[PDB]
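K.L.:
Following this message is one structure expressed as structure tokens.
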Amino acid sequence: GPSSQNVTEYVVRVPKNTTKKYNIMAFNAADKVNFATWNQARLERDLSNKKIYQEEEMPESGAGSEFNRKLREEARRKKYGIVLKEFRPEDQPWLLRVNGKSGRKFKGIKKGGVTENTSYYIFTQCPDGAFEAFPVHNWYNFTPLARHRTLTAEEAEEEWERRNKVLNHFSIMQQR
Amino acid sequence: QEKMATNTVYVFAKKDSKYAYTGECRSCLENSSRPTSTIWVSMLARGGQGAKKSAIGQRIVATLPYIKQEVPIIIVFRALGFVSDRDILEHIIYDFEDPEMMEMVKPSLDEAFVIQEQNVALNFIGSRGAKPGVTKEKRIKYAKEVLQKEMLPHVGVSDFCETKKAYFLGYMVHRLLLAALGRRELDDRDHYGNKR
Amino acid sequence: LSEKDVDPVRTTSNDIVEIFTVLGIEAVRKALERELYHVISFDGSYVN
Amino acid sequence: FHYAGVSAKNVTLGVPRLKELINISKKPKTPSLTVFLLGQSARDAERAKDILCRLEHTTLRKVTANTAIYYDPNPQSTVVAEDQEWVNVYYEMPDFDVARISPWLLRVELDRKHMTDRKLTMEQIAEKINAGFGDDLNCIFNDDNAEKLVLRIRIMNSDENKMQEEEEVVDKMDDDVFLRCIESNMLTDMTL
Amino acid sequence: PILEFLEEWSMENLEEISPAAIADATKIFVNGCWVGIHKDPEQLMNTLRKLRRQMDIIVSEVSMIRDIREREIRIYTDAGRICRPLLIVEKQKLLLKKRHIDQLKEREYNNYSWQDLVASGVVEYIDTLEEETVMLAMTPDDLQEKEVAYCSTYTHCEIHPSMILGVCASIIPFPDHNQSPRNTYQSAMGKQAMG
Amino acid sequence: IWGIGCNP
Amino acid sequence: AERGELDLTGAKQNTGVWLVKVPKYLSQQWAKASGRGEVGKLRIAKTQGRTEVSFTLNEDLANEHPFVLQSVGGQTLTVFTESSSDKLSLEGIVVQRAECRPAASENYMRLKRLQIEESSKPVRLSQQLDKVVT
Amino acid sequence: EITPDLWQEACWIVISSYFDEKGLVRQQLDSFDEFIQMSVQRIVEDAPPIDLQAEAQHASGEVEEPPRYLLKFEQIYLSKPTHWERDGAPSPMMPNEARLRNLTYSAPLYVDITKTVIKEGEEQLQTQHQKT
Amino acid sequence: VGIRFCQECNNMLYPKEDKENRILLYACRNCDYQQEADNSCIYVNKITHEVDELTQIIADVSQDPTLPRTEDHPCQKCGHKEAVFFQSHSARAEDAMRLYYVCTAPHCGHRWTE
Ligand SMILES: [Zn+2]
Ligand SMILES: [Zn+2]
């Protein structure tokens, strides 16, 4: 039939600007990602700066230095280090939470290696029958986090002190 | 002045050291700046005997720069963000079909089975770090900085290069495991290929 | 030396400390003389 | 470097040996011992071989071809096809079965070349293992006629029962981990 | 430039690599950084060597090493690597031919020099690491010519074996007829001579 | 320089 | 329905998309005008048991690009877009990967050398000065 | 065009070409040339720009009122070896004069520096200092 | 023998015995998934480690210029005369000077030891 010798040729279109930027979402094959159960999802910038960058300067900042003491306090903190960095969301990883808290959580990180000598484009079918190419603004590799009980850091330190766990570890996990 | 080559992985065997095989890599930031920082991946000898120690046998440890105490390797991989055991082994062992290498990796996985959180691993690295750590938040950020810059600089120093560092660390471990199995010969310090 | 069919009289170890713990100080005098004579005379050289 | 092959032994000579004797080092670089045979053992090479065997340290690891830890719920089940015959023979008149049978099994294959070179006996090895671990280990040994020498080891039947009403949920090493530790200890320090 | 070329020549980057695929492909290290893997190693190695011999993208000092048993290709652009020039052998025939030595012989008023020899691809610089992958012939005519088969795959040839000696040992006449410690002692004494 | 039993 | 919700309609429709790695000269030629709505034509010819993919450069643009396919079974890829209205959406799942390679072999190295020289222009070197500055 | 049994002449012709083009001490000279030509300039460019600002001077409203001074080094220049006399008149320094008079054979090193002043006056001025 | 990773958590499965059913179960400590073990072997250690190096040899080594090559030993699979021959090249190979021949010629990739 015609399938054994079909020749398909389509026009290529590259619009100058698109309202929505195009990115790449890559999942590892072993993760067995399935979209049938993806009833809902939440993709947002991370807040890990809570732990290591911001609102960590909450209490000492609003303690209440004033007057000459205020001037000295601000100048002293600034000159002590090199002005702590705050939230600049566009340069931070992405957090994905599928089906709320019940479903799996993935973390996407921008591909550090830039494509100074390469570009990536995506071809999508359209009713007009011409391929459309959109540049890849960013590449993200998402990796899942198990929805299992997580050891507390303090408890983890206590357990690690007993590095020689002669007793079965599985029972220890059950106890936690 | 002759020096040992930088940005390369060399595996040696030291009899006196408790580690049966030690693999060292001295990394420089493309010779542009900073002193050369050496990161050692070592395998403890099976000579040490205990009910748990003999069962685990050889256990891999890593001497990260500016961390006083030896850190189990699985913990380092989790600190880079690869939490899952399968993914860590994917980086360390390139072909899962071979049983012997997986057997070598199993004890180190068991040693680090307590820590399953990236943040917890970072905190542990900071806590055992030589520089003092006041709080958990400070320790985590400090250890993250150490991993980002001090360890394996030539692979990357910024720009979210954790995957590259993970692959190169896994290569170091892969070479150490191959040396322990005997599939690759231990490197020779006198070879003038190594002596820039 | 205790094992059967091993000559207790002539069996000797090269370690002088073992000779001291097992056989005594005079035995070590003789054994140390023997070992030093061996190292000196291996090349054929002679010392009185 | 320039000794001779006549010695057929590692020998420290020259300046390093002089330093060892002078400093009276506790550990010589090459400790050595010359054994002179008393009587007929000196005359006959075979008797000398017997004395050699008596004087040379031999462990299970030297004579063991390979070790495998299996899980067999029923000894009669004989998960390994080969051991079916001798396990059935032993359990025709089972010993220590009344206490219990431990499900985890340690199976050790001994190289015949090494076994005959050191002139060890399967019954002898079984006795030594039984004495070393008391009744905590139960050993089953093949006949020498069998092409493959097999030694089957299980945890203590009394220990498997625990012989205790309370039973203690401590469950140290369960049984598999304990069996691995036993294997390592046997290989390293059997001193057959 | 080498990294750019490697990206052109079908080298998958580590970031884009599926972890399973690494096992069956060679790893490409440039200055000690694992850039990526290549599915077909020999074609890439030949292309890199061609580029170096034409001095297009890869400079002459850059050294490419392929460890066939370990599935690793290492390219070093680092400084401080010690290198010696060697003639190149294709098939069993030296690439250096009479036309080249005729041009060199009239080195004056022909502006043909060692750089022209390097650019022509007749000679190449080889460091020790690459020396481990190179079959060399001490003397061209003797070893290249067919005889009782020892090696039929010579890849490089020594320009002259006397160039192994240094500046002070080169003044020794008939060095091969002396005891080695005596050559070593003459190297020291020659520094202290008067002239 | 002679042999293994002699000198180097 | 919220700000962080991801429009998975593309996944539900199982829209298939193709990912291609293309060189900088082609992308820069496209970016030169980038507003004419046309850069070339993609021609795919299929035979009994073999398929070939090629791209022709537009004649105006120039003043053959064979495509090599890559297996996508080792990694699952999807494309998602962040709308300017803060409405994230999924366009489709990647079902095929391809690479675009230059046709010229040697003369293409000339253009590569020109690109290398252009990239080396910002590199600054120490300058020799004949007369000491007063 | 093979060279059979004429090899003794040919090998020494190619060796002579090597030694004519590249001297015996080429390694030291080439390394130093790389240092001066590339490494010095790269070290200058690699250094981070100097950022300076006042410590809340004048205790006023201080809405970023302290000026910001930014310095960026560029375009390093080297002169030929020069010896300045007691009179202060520059003059070229020949090597033998350096040996006889115990002088040091050195060359002046000059850098272009760009200084930008940001006083939050809505105007930034980028003065350039040439060959410092 | 082989190590199996759980689907649910992508972590290593450790052996466990169900007392009620006397059935071996590979269960992760982190997650509750349990899997019946078909192999029924937990740990295997080969002290002799008499493992053939024929599997480890790569067919690519035929391309090496430095390896010696013999035309005396023909290839069994295809009959190509040339065959590079090299020794064990392995640490912990005990004492073996066997030559592990590898057939040359493209795509044969045959490794035999005589
Ligand atoms: Zn699981
Ligand atoms: Zn064949």
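In the structure tokens, each chain is lettered A, B, ... as it comes, each chain's residues begin at 1, and ligands are numbered from 1 in order of appearance.
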Set the cut-off to 9 Å, count only C-alpha atoms and all ligand atoms, and list whatever residues fall near ligand 2 as number ranges by chain.
P.N.:
I: 74-83, 102-111
K.L.:
Restrict the selected residues to N, CA, C and O atoms and save them as a PDB file, in the first residue's frame.
P.N.:
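Saved result, result01.pdb, follows:
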```pdb
ATOM      1  N   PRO I  74      44.046 -20.270  13.493  1.00  0.00           N
ATOM      2  CA  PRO I  74      42.885 -19.732  12.787  1.00  0.00           C
ATOM      3  C   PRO I  74      41.700 -19.558  13.720  1.00  0.00           C
ATOM      4  O   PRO I  74      41.578 -20.223  14.749  1.00  0.00           O
ATOM      5  N   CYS I  75      40.811 -18.646  13.336  1.00  0.00           N
ATOM      6  CA  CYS I  75      39.594 -18.430  14.104  1.00  0.00           C
ATOM      7  C   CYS I  75      38.641 -19.606  13.953  1.00  0.00           C
ATOM      8  O   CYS I  75      38.458 -20.145  12.859  1.00  0.00           O
ATOM      9  N   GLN I  76      38.021 -19.995  15.064  1.00  0.00           N
ATOM     10  CA  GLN I  76      37.069 -21.098  15.019  1.00  0.00           C
ATOM     11  C   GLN I  76      35.761 -20.675  14.364  1.00  0.00           C
ATOM     12  O   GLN I  76      35.182 -21.436  13.580  1.00  0.00           O
ATOM     13  N   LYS I  77      35.275 -19.474  14.677  1.00  0.00           N
ATOM     14  CA  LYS I  77      33.958 -19.066  14.194  1.00  0.00           C
ATOM     15  C   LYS I  77      33.963 -18.801  12.694  1.00  0.00           C
ATOM     16  O   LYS I  77      33.092 -19.289  11.968  1.00  0.00           O
ATOM     17  N   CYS I  78      34.927 -18.021  12.210  1.00  0.00           N
ATOM     18  CA  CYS I  78      34.891 -17.554  10.832  1.00  0.00           C
ATOM     19  C   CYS I  78      36.086 -17.978   9.995  1.00  0.00           C
ATOM     20  O   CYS I  78      36.045 -17.812   8.773  1.00  0.00           O
ATOM     21  N   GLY I  79      37.138 -18.511  10.597  1.00  0.00           N
ATOM     22  CA  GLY I  79      38.268 -18.939   9.805  1.00  0.00           C
ATOM     23  C   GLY I  79      39.238 -17.849   9.421  1.00  0.00           C
ATOM     24  O   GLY I  79      40.131 -18.099   8.605  1.00  0.00           O
ATOM     25  N   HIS I  80      39.101 -16.651   9.970  1.00  0.00           N
ATOM     26  CA  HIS I  80      40.091 -15.617   9.720  1.00  0.00           C
ATOM     27  C   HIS I  80      41.424 -16.030  10.326  1.00  0.00           C
ATOM     28  O   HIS I  80      41.476 -16.509  11.460  1.00  0.00           O
ATOM     29  N   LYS I  81      42.504 -15.858   9.567  1.00  0.00           N
ATOM     30  CA  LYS I  81      43.794 -16.367  10.019  1.00  0.00           C
ATOM     31  C   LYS I  81      44.386 -15.515  11.135  1.00  0.00           C
ATOM     32  O   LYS I  81      44.942 -16.049  12.099  1.00  0.00           O
ATOM     33  N   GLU I  82      44.300 -14.196  11.020  1.00  0.00           N
ATOM     34  CA  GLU I  82      44.931 -13.335  12.008  1.00  0.00           C
ATOM     35  C   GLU I  82      44.204 -13.417  13.336  1.00  0.00           C
ATOM     36  O   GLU I  82      42.985 -13.578  13.386  1.00  0.00           O
ATOM     37  N   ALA I  83      44.957 -13.305  14.424  1.00  0.00           N
ATOM     38  CA  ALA I  83      44.347 -13.314  15.747  1.00  0.00           C
ATOM     39  C   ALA I  83      45.338 -12.696  16.718  1.00  0.00           C
ATOM     40  O   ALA I  83      46.398 -13.276  16.951  1.00  0.00           O
ATOM     41  N   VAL I 102      42.129 -13.448  20.412  1.00  0.00           N
ATOM     42  CA  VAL I 102      40.967 -12.698  19.948  1.00  0.00           C
ATOM     43  C   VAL I 102      41.055 -12.598  18.438  1.00  0.00           C
ATOM     44  O   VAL I 102      42.051 -12.100  17.908  1.00  0.00           O
ATOM     45  N   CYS I 103      40.023 -13.061  17.746  1.00  0.00           N
ATOM     46  CA  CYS I 103      40.041 -13.002  16.296  1.00  0.00           C
ATOM     47  C   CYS I 103      39.999 -11.561  15.818  1.00  0.00           C
ATOM     48  O   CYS I 103      39.230 -10.744  16.319  1.00  0.00           O
ATOM     49  N   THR I 104      40.827 -11.261  14.831  1.00  0.00           N
ATOM     50  CA  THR I 104      40.821  -9.961  14.187  1.00  0.00           C
ATOM     51  C   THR I 104      39.676  -9.929  13.183  1.00  0.00           C
ATOM     52  O   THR I 104      38.743 -10.732  13.254  1.00  0.00           O
ATOM     53  N   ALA I 105      39.713  -8.964  12.269  1.00  0.00           N
ATOM     54  CA  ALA I 105      38.749  -8.786  11.188  1.00  0.00           C
ATOM     55  C   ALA I 105      37.471  -8.194  11.757  1.00  0.00           C
ATOM     56  O   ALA I 105      37.099  -8.492  12.899  1.00  0.00           O
ATOM     57  N   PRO I 106      36.767  -7.365  10.991  1.00  0.00           N
ATOM     58  CA  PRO I 106      35.666  -6.591  11.572  1.00  0.00           C
ATOM     59  C   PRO I 106      34.490  -7.475  11.949  1.00  0.00           C
ATOM     60  O   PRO I 106      34.061  -8.334  11.177  1.00  0.00           O
ATOM     61  N   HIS I 107      33.984  -7.260  13.158  1.00  0.00           N
ATOM     62  CA  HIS I 107      32.717  -7.746  13.679  1.00  0.00           C
ATOM     63  C   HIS I 107      32.708  -9.225  14.036  1.00  0.00           C
ATOM     64  O   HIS I 107      31.674  -9.703  14.506  1.00  0.00           O
ATOM     65  N   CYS I 108      33.793  -9.975  13.830  1.00  0.00           N
ATOM     66  CA  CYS I 108      33.800 -11.352  14.311  1.00  0.00           C
ATOM     67  C   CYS I 108      33.790 -11.392  15.832  1.00  0.00           C
ATOM     68  O   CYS I 108      32.934 -12.045  16.440  1.00  0.00           O
ATOM     69  N   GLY I 109      34.728 -10.695  16.459  1.00  0.00           N
ATOM     70  CA  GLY I 109      34.727 -10.555  17.907  1.00  0.00           C
ATOM     71  C   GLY I 109      34.722 -11.867  18.654  1.00  0.00           C
ATOM     72  O   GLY I 109      33.992 -12.016  19.641  1.00  0.00           O
ATOM     73  N   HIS I 110      35.517 -12.823  18.211  1.00  0.00           N
ATOM     74  CA  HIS I 110      35.536 -14.143  18.811  1.00  0.00           C
ATOM     75  C   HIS I 110      36.736 -14.263  19.733  1.00  0.00           C
ATOM     76  O   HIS I 110      37.854 -13.915  19.344  1.00  0.00           O
ATOM     77  N   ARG I 111      36.505 -14.753  20.947  1.00  0.00           N
ATOM     78  CA  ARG I 111      37.546 -14.902  21.954  1.00  0.00           C
ATOM     79  C   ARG I 111      37.651 -16.363  22.359  1.00  0.00           C
ATOM     80  O   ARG I 111      36.696 -16.928  22.896  1.00  0.00           O
TER      81      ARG I 111
END
```
K.L.:
Neighbours of residue 47 in chain H within 10 Å (only C-alpha atoms; same-chain residues fewer than 6 positions away dropped), as a ChimeraX atom specification?
P.N.:
/B:33 /H:72-73
K.L.:
Keeping only C-alpha atoms, write the selected residues to a file as a PDB file, in the first residue's frame.
P.N.:
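Wrote again-v7.pdb, looks like this:
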```pdb
ATOM      1  CA  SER B  33      43.057  29.980  40.399  1.00  0.00           C
TER       2      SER B  33
ATOM      3  CA  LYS H  72      37.804  46.867  36.732  1.00  0.00           C
ATOM      4  CA  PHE H  73      41.311  46.172  35.437  1.00  0.00           C
TER       5      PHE H  73
END
```
K.L.:
Within 12 Å of residue 3 in chain F, counting only C-alpha atoms, which residues qualify if same-chain residues fewer than 5 places away don't, as a ChimeraX atom specification?
P.N.:
/D:1-4 /F:8
K.L.:
When the cut-off is 10 Å and we count only C-alpha atoms, which residues of chain D are near chain B, given as a short mmCIF file (atom, residue, chain, number, x, y, z; two decimals) with N, CA, C and O atoms, in the first residue's frame?
P.N.:
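As a result, part26.cif now contains:
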```cif
data_model
loop_
_atom_site.label_atom_id
_atom_site.label_comp_id
_atom_site.auth_asym_id
_atom_site.auth_seq_id
_atom_site.Cartn_x
_atom_site.Cartn_y
_atom_site.Cartn_z
N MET D 173 20.80 -10.22 64.71
CA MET D 173 21.29 -10.69 63.42
C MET D 173 20.33 -11.66 62.74
O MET D 173 20.68 -12.25 61.71
N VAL D 177 22.18 -13.17 58.91
CA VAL D 177 23.35 -12.35 59.21
C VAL D 177 24.28 -13.09 60.16
O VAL D 177 25.51 -13.06 60.01
N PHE D 178 23.70 -13.76 61.15
CA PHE D 178 24.51 -14.56 62.06
C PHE D 178 25.25 -15.64 61.30
O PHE D 178 26.42 -15.93 61.59
N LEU D 179 24.60 -16.25 60.32
CA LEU D 179 25.27 -17.28 59.54
C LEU D 179 26.41 -16.70 58.72
O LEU D 179 27.46 -17.33 58.57
N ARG D 180 26.24 -15.50 58.16
CA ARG D 180 27.34 -14.88 57.43
C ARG D 180 28.52 -14.61 58.35
O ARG D 180 29.68 -14.85 57.98
N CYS D 181 28.24 -14.11 59.55
CA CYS D 181 29.32 -13.88 60.51
C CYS D 181 30.02 -15.18 60.85
O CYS D 181 31.25 -15.23 60.95
N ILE D 182 29.25 -16.26 61.01
CA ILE D 182 29.83 -17.56 61.28
C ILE D 182 30.74 -17.98 60.14
O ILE D 182 31.83 -18.52 60.36
N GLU D 183 30.29 -17.77 58.90
CA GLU D 183 31.11 -18.16 57.76
C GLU D 183 32.43 -17.42 57.75
O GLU D 183 33.49 -18.02 57.54
N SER D 184 32.38 -16.11 57.98
CA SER D 184 33.62 -15.34 57.98
C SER D 184 34.56 -15.81 59.07
O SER D 184 35.76 -16.00 58.84
N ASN D 185 34.02 -16.04 60.28
CA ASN D 185 34.87 -16.49 61.37
C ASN D 185 35.47 -17.86 61.09
O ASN D 185 36.64 -18.10 61.37
N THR D 188 38.29 -17.52 58.51
CA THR D 188 39.50 -16.83 58.95
C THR D 188 40.24 -17.60 60.04
O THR D 188 41.47 -17.64 60.04
#
```
K.L.:
At a cut-off of 9 Å, list the chain D residues touching chain C, using only C-alpha atoms, as a PyMOL selection string.
P.N.:
chain D and resi 13-15+17-18+21+24-28+30-42+51+54-55
K.L.:
Would you export the selected residues with N, CA and C atoms as a tab-separated table (two decimals), in the first residue's frame, please?
P.N.:
```tsv
chain	number	residue	atom	x	y	z
D	13	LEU	N	69.61	-10.47	54.72
D	13	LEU	CA	71.04	-10.54	54.92
D	13	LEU	C	71.64	-9.18	54.61
D	14	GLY	N	72.84	-8.96	55.13
D	14	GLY	CA	73.52	-7.70	54.86
D	14	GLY	C	73.22	-6.64	55.89
D	15	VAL	N	73.24	-5.38	55.46
D	15	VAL	CA	73.03	-4.28	56.39
D	15	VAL	C	71.69	-4.35	57.10
D	17	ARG	N	69.86	-6.90	58.02
D	17	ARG	CA	69.92	-7.90	59.07
D	17	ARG	C	70.83	-7.45	60.19
D	18	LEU	N	71.91	-6.75	59.86
D	18	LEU	CA	72.77	-6.23	60.90
D	18	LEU	C	72.01	-5.26	61.78
D	21	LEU	N	69.63	-7.21	64.13
D	21	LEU	CA	70.30	-7.82	65.27
D	21	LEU	C	70.80	-6.76	66.25
D	24	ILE	N	67.90	-5.22	68.07
D	24	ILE	CA	67.08	-6.23	68.70
D	24	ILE	C	65.61	-5.93	68.46
D	25	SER	N	65.23	-5.81	67.19
D	25	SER	CA	63.86	-5.47	66.87
D	25	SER	C	62.93	-6.60	67.29
D	26	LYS	N	61.77	-6.22	67.81
D	26	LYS	CA	60.81	-7.23	68.25
D	26	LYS	C	60.31	-8.05	67.07
D	27	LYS	N	60.07	-7.41	65.93
D	27	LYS	CA	59.57	-8.10	64.75
D	27	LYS	C	60.61	-8.08	63.65
D	28	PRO	N	61.30	-9.18	63.38
D	28	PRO	CA	62.20	-9.22	62.24
D	28	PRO	C	61.42	-9.10	60.95
D	30	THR	N	61.93	-10.87	58.23
D	30	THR	CA	61.65	-12.23	57.78
D	30	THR	C	61.96	-13.20	58.91
D	31	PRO	N	61.04	-13.37	59.85
D	31	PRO	CA	61.25	-14.37	60.91
D	31	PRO	C	61.27	-15.75	60.29
D	32	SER	N	62.20	-16.58	60.74
D	32	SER	CA	62.36	-17.90	60.17
D	32	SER	C	62.76	-18.87	61.26
D	33	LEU	N	62.52	-20.15	61.02
D	33	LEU	CA	62.77	-21.18	62.00
D	33	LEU	C	63.21	-22.44	61.27
D	34	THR	N	64.36	-22.99	61.64
D	34	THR	CA	64.88	-24.19	60.99
D	34	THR	C	64.55	-25.39	61.87
D	35	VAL	N	63.79	-26.32	61.33
D	35	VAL	CA	63.32	-27.48	62.07
D	35	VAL	C	64.12	-28.68	61.61
D	36	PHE	N	64.76	-29.36	62.55
D	36	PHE	CA	65.51	-30.57	62.24
D	36	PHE	C	64.73	-31.77	62.74
D	37	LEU	N	64.48	-32.73	61.85
D	37	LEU	CA	63.65	-33.87	62.19
D	37	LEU	C	64.41	-34.87	63.04
D	38	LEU	N	63.69	-35.52	63.95
D	38	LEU	CA	64.34	-36.35	64.96
D	38	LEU	C	64.90	-37.64	64.36
D	39	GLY	N	64.04	-38.46	63.79
D	39	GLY	CA	64.45	-39.80	63.40
D	39	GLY	C	64.04	-40.18	61.99
D	40	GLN	N	63.22	-41.23	61.88
D	40	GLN	CA	62.84	-41.73	60.56
D	40	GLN	C	62.21	-40.64	59.71
D	41	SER	N	61.57	-39.66	60.35
D	41	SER	CA	60.98	-38.57	59.59
D	41	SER	C	62.03	-37.85	58.76
D	42	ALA	N	63.26	-37.74	59.28
D	42	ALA	CA	64.32	-37.14	58.48
D	42	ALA	C	64.71	-38.05	57.32
D	51	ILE	N	55.22	-34.26	58.89
D	51	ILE	CA	55.61	-33.25	59.86
D	51	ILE	C	55.31	-31.86	59.32
D	54	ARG	N	51.84	-31.07	59.86
D	54	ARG	CA	51.62	-30.74	61.26
D	54	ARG	C	52.08	-29.33	61.62
D	55	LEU	N	53.06	-28.78	60.92
D	55	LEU	CA	53.64	-27.51	61.33
D	55	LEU	C	53.15	-26.29	60.56
```
K.L.:
With only C-alpha atoms as the counted atoms, please give the residues lying no more than 10 Å from residue 31 in chain I, apart from itself and same-chain residues fewer than 4 positions off, as a list in words.
P.N.:
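Using only C-alpha atoms, the neighbours found are residues 146, 147, 148, 149, 170, 173 and 174 of chain A; 6, 7, 8, 9, 10, 11, 13 and 27 of chain I.
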K.L.:
Kindly give the distance, in Å, that separates CA of residue 93 in chain G and CA of residue 8 in chain G, rounded to a single decimal.
P.N.:
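According to the coordinates, CA of residue 93 in chain G and CA of residue 8 in chain G are separated by 10.8 Å.
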K.L.:
From a DSSP pass on the backbone, collect the residues of chain H flagged as strand (DSSP E or B) and hand them back as a count of residues only.
P.N.:
38
K.L.:
At a cut-off of 12 Å, using only C-alpha atoms, what residues contact residue 38 in chain I? Leave out same-chain residues fewer than 2 positions from it and give the result as number ranges by chain.
P.N.:
D: 70-71, 79; I: 1-2, 4, 15, 23-26, 35-36, 40-42
K.L.:
Could you state the separation of CA of residue 46 in chain G and CA of residue 1 in chain A in Å, given to one decimal place?
P.N.:
12.5 Å
K.L.:
If the cut-off is 12 Å, can you tell me the residues of chain I near chain E, counting only C-alpha atoms? I'd like them as a ChimeraX atom specification.
P.N.:
/I:56-72,82,84,86,88-90
K.L.:
Would you mind listing what lies within 12 Å of range 40-47 of chain A as number ranges by chain, with only C-alpha atoms counted and same-chain residues fewer than 4 positions away left out?
P.N.:
A: 25, 35-36, 51-56, 86-110, 142; G: 1-9, 80-82, 86-90
